Structures are given as structure tokens and as C-alpha cells.
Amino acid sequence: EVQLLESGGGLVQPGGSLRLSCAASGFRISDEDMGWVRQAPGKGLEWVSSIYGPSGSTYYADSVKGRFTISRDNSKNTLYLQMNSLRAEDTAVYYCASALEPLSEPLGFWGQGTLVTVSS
């Protein structure tokens, strides 16, 4: 069955960086509209970035544009989120995530959640 396994993340200082990885299995990441959703207590949920299937064109939230870069390595079946110039407000649990309506599976799916933290 379909699975998303996140790695990377941790604790860094402001201005630093981290690369999240999301290794998919049971399907091909290039065929799906994939993305990252972050969750902080008090700010609910938010689509930080996505890459939508064929084109490979990309969305970004206004707050992260210029700093964050979503990408894919089809040979490794892995989605990435290069997070540069990190700020204190980026502090959240980041989730690899399919769209509301995936290409094949009837319901959307999620990775396990990866805590990223930015503090001095």
C-alpha cells in the first residue's frame, strides 16, 4: 500500500537551513500532486509548498517564497523541501502530503510528521 516516510528536520538557529526528504513507496511521486503541510498550535494547518504532477510547476505560500524550494528526484522516488534562511515562525510539524483527491487512492494520505524548530 501507499506510504510516505519523512526524514531530516531537527533544531537549527535563525538564518540556518534543513532539507526534508519524503520517500514514497507503493506509487510514483511524479504521477501525484504532492506537497508539504505545516502544523503549529494556534496557526492550524497551512500548505507551505506543492508540486503538481506533470508540468512540475510549483506553488509556495507567500511567507516562504524565495527561501523554500520544493523538488523531486524520480529515480529515488523522493520529494524534498530545501528550507533556507529559516525564521522563528517556520517552527512547526511538517507533513509530506498528497492532494485532497489523489490520482489513484480514493482518500488522501500523509507522512508521519517531522518537527522543525528554529530558535536562538
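In this text, residue numbers run from 1 along the sequence as written.
When the C-alpha B-factors of 80-88 and 26-34 are averaged, 26-34 comes out higher. Comparing the deposited coordinates for 15-23 and 98-106, the stretch with the larger average C-alpha B-factor is 98-106. When the C-alpha B-factors of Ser50, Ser63, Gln39, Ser75 are read from the PDB record, the largest value belongs to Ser75. Remark: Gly10 belongs to the middle third of its chain, ranked by C-alpha B-factor as recorded. Annotation for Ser71: C-alpha temperature factor in the middle third relative to the rest of the modelled chain, per the entry.
Compared with the other modelled residues of the chain, the Cα B-factor recorded for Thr117 ranks in the lowest third.
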